[PDB]
>>> print(open('input.cif').read())   # mmCIF, C-alpha atoms
data_entry
loop_
_atom_site.label_atom_id
_atom_site.label_comp_id
_atom_site.auth_asym_id
_atom_site.auth_seq_id
_atom_site.Cartn_x
_atom_site.Cartn_y
_atom_site.Cartn_z
CA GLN P 4 -10.27 19.73 78.46
CA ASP P 5 -13.73 19.08 79.90
CA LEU P 6 -14.65 22.73 79.29
CA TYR P 7 -14.10 22.13 75.57
CA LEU P 8 -15.52 18.59 75.87
CA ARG P 9 -18.85 19.48 77.49
CA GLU P 10 -19.17 22.53 75.24
CA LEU P 11 -18.63 20.46 72.11
CA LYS P 12 -20.89 17.65 73.31
CA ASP P 13 -23.76 20.08 73.85
CA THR P 14 -22.72 21.75 70.58
CA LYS P 15 -22.99 18.44 68.72
CA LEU P 16 -26.02 16.97 70.46
CA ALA P 17 -28.34 19.96 70.98
CA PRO P 18 -29.01 20.27 67.22
CA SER P 19 -28.45 16.53 66.63
CA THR P 20 -32.22 16.09 66.99
CA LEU P 21 -32.44 18.59 64.13
CA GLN P 22 -29.88 16.85 61.86
CA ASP P 23 -29.30 13.20 62.81
CA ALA P 24 -32.78 12.13 63.94
CA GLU P 25 -35.59 14.11 62.31
CA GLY P 26 -37.67 14.67 65.44
CA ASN P 27 -37.90 18.04 63.91
CA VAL P 28 -37.24 20.70 66.60
CA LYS P 29 -38.10 21.19 70.29
CA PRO P 30 -37.17 24.91 70.95
CA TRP P 31 -38.33 26.45 67.65
CA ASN P 32 -42.11 26.93 67.81
CA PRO P 33 -42.73 26.94 64.01
CA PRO P 34 -41.94 23.60 62.34
CA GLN P 35 -38.63 23.28 60.49
CA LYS P 36 -39.39 20.71 57.73
CA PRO P 37 -41.97 23.05 56.08
CA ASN P 38 -39.36 25.83 55.89
CA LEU P 39 -36.38 24.76 53.74
CA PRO P 40 -37.06 21.32 52.13
CA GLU P 41 -40.78 21.93 51.45
CA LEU P 42 -41.37 25.65 50.94
CA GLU P 43 -37.89 26.85 49.97
CA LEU P 44 -37.09 23.69 47.97
CA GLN P 45 -39.19 25.14 45.17
CA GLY P 46 -37.66 28.44 46.28
CA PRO P 47 -35.32 28.81 43.26
CA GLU P 48 -38.27 28.08 40.98
CA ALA P 49 -40.24 30.47 43.15
CA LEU P 50 -37.34 32.94 42.76
CA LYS P 51 -36.79 32.34 39.04
CA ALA P 52 -39.36 31.95 36.27
CA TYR P 53 -41.49 28.81 36.29
CA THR P 54 -42.38 26.55 33.29
CA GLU P 55 -40.46 28.51 30.69
CA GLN P 56 -37.00 29.31 32.04
CA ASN P 57 -36.41 26.43 34.46
CA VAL P 58 -38.06 23.89 32.13
CA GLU P 59 -35.81 25.79 29.68
CA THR P 60 -38.06 25.63 26.52
CA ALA P 61 -36.18 23.57 23.96
CA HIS P 62 -37.96 25.48 21.23
CA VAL P 63 -38.10 25.17 17.45
CA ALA P 64 -36.97 28.22 15.50
CA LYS P 65 -39.31 29.92 13.05
CA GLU P 66 -38.26 28.63 9.63
CA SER P 67 -37.70 31.86 7.71
CA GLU P 68 -38.20 31.46 3.97
CA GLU P 69 -37.03 32.71 0.58
CA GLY P 70 -38.86 35.17 -1.75
CA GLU P 71 -41.75 32.70 -2.17
CA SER P 72 -40.74 31.51 -5.66
CA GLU P 73 -42.02 34.44 -7.74
CA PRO P 74 -39.47 35.80 -10.21
CA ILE P 75 -41.55 37.11 -13.02
CA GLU P 76 -43.99 39.87 -12.00
CA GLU P 77 -41.29 41.43 -9.81
CA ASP P 78 -38.13 40.74 -11.84
CA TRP P 79 -39.69 42.64 -14.72
CA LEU P 80 -40.43 45.50 -12.32
CA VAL P 81 -36.86 45.37 -11.00
CA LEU P 82 -35.62 45.43 -14.61
CA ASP P 83 -37.74 48.44 -15.58
CA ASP P 84 -36.93 50.33 -12.38
CA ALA P 85 -33.27 49.56 -13.05
CA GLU P 86 -33.78 51.14 -16.47
CA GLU P 87 -35.16 54.15 -14.58
CA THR P 88 -32.11 54.23 -12.28
CA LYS P 89 -29.78 54.09 -15.26
CA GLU P 90 -31.81 56.94 -16.74
CA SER P 91 -31.05 58.79 -13.51
CA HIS P 92 -27.49 57.38 -13.47
CA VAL F 1 -33.25 41.28 1.16
CA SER F 2 -32.08 40.16 -2.25
CA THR F 3 -29.56 40.95 -4.94
CA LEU F 4 -30.46 44.15 -6.78
CA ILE F 5 -29.49 44.20 -10.45
CA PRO F 6 -28.53 47.49 -12.14
CA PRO F 7 -25.11 46.52 -13.59
CA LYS F 8 -26.40 44.99 -16.81
CA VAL F 9 -29.51 46.91 -17.84
CA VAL F 10 -27.72 48.58 -20.74
CA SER F 11 -29.69 46.38 -23.16
CA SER F 12 -32.76 48.59 -23.46
CA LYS F 13 -30.87 51.62 -22.14
CA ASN F 14 -28.88 52.40 -25.29
CA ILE F 15 -31.85 53.89 -27.15
CA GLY F 16 -33.02 56.37 -24.54
CA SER F 17 -29.90 58.38 -23.71
CA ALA F 18 -29.23 61.64 -25.52
CA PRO F 19 -25.86 61.04 -27.30
CA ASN F 20 -27.31 57.86 -28.81
CA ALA F 21 -29.03 60.13 -31.34
CA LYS F 22 -25.71 61.81 -32.19
CA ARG F 23 -23.98 58.42 -32.37
CA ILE F 24 -26.55 56.95 -34.77
CA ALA F 25 -26.52 60.22 -36.68
CA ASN F 26 -22.82 60.33 -37.42
CA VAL F 27 -22.37 56.63 -38.05
CA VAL F 28 -24.73 57.38 -40.94
CA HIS F 29 -22.90 60.64 -41.72
CA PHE F 30 -19.49 59.00 -42.02
CA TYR F 31 -19.88 56.00 -44.32
CA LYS F 32 -20.75 57.39 -47.77
CA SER F 33 -18.42 60.41 -47.60
CA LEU F 34 -15.63 60.10 -50.19
CA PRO F 35 -12.26 59.90 -48.40
CA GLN F 36 -9.84 62.63 -49.54
CA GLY F 37 -11.36 64.69 -52.32
CA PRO F 38 -11.67 61.51 -54.37
CA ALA F 39 -13.83 61.13 -57.47
CA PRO F 40 -13.06 64.81 -58.14
CA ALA F 41 -13.10 64.70 -61.97
CA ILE F 42 -10.80 67.72 -62.01
CA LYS F 43 -10.88 68.03 -65.82
CA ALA F 44 -14.00 68.17 -67.97
CA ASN F 45 -14.43 69.58 -71.45
CA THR F 46 -17.69 70.66 -73.09
CA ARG F 47 -16.16 73.52 -75.20
CA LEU F 48 -16.82 75.92 -72.27
CA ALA F 49 -16.10 73.90 -69.11
CA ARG F 50 -12.44 74.86 -69.54
CA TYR F 51 -13.59 78.49 -69.27
CA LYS F 52 -15.17 77.70 -65.90
CA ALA F 53 -12.15 75.66 -64.81
CA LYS F 54 -9.78 78.51 -65.63
CA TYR F 55 -12.05 81.29 -64.37
CA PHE F 56 -14.95 80.19 -62.15
CA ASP F 57 -13.60 77.78 -59.55
CA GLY F 58 -12.78 78.58 -55.95
CA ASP F 59 -9.10 79.06 -56.75
CA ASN F 60 -9.00 81.80 -59.40
CA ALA F 61 -12.22 83.70 -58.59
CA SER F 62 -10.93 87.04 -59.89
CA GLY F 63 -13.21 89.53 -61.61
CA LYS F 64 -11.41 89.37 -65.01
CA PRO F 65 -14.20 87.44 -66.88
CA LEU F 66 -16.47 90.30 -65.86
CA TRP F 67 -13.74 92.42 -67.45
CA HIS F 68 -13.88 90.04 -70.43
CA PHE F 69 -17.67 90.27 -70.39
CA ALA F 70 -17.32 94.05 -70.13
CA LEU F 71 -15.18 93.95 -73.26
CA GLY F 72 -17.83 91.67 -74.75
CA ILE F 73 -20.35 94.47 -74.57
CA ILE F 74 -17.59 96.70 -75.93
CA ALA F 75 -17.33 94.08 -78.67
CA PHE F 76 -21.07 93.97 -79.22
CA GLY F 77 -22.71 97.35 -79.72
CA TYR F 78 -19.75 99.02 -81.40
CA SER F 79 -20.07 96.56 -84.29
CA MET F 80 -23.77 97.46 -84.24
CA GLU F 81 -22.47 101.02 -84.48
CA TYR F 82 -20.97 99.87 -87.79
CA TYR F 83 -24.39 98.43 -88.59
CA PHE F 84 -26.25 101.61 -87.58
CA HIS F 85 -24.26 104.81 -87.19
#
>>> encode(input="input.cif", output="structure tokens")
Amino acid sequence: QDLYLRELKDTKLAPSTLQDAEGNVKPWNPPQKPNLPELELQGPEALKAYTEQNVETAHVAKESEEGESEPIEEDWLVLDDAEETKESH
Amino acid sequence: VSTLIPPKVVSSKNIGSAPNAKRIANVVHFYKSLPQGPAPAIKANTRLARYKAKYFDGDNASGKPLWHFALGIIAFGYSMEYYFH
């Protein structure tokens, strides 16, 4: 069907200079290559956070420590305050 | 943030509490007490201790020696009657 044929040939070929050969675009007055693959290519890193979330920050955890190796001057206080609790107990 | 420790602080606790005084009082009160009325020495004789044992213990305790002592004064001055009048 040459209706279908000529329709599909113009359908294929009229944007084929926008897809097959990159002679960017004749009817569109703004250029097409600085829309999606140049501006909007960094789109998702213009739409999400840059240099922390997309670079993802493989980050070292803060090494949380013990009671800093001091028994004496606080274990005696814990012992005497425990005497005071057992007074109150 | 750490293990708290009042299960085992009874070391220097057992002086301060109030029945500790009663406990250390009656462990001293109970050792030297004779068991069951022992060492009673229920008989003694000094020519008049039998008079006390028959008359002046907790068991007899009746006023009769007074009566005896009353008769003693009846025994005393009446003879002095025979010395005087």
>>> closest_atom_pairs(input="input.cif", of="chain P", to="chain F", cutoff="9 Å", atoms="only C-alpha atoms", output="tab-separated table")
residue	atom	partner	partner_atom	distance
P:70	CA	F:2	CA	8.4
P:81	CA	F:5	CA	7.5
P:82	CA	F:9	CA	7.1
P:83	CA	F:9	CA	8.7
P:84	CA	F:6	CA	8.9
P:85	CA	F:6	CA	5.3
P:86	CA	F:9	CA	6.2
P:88	CA	F:6	CA	7.6
P:89	CA	F:13	CA	7.4
P:90	CA	F:17	CA	7.4
>>> atom_distance(input="input.cif", atom1="CA of residue 71 (chain F)", atom2="CA of residue 50 (chain F)")
19.6 Å
>>> atom_distance(input="input.cif", atom1="CA of residue 14 (chain F)", atom2="CA of residue 78 (chain P)")
20.1 Å
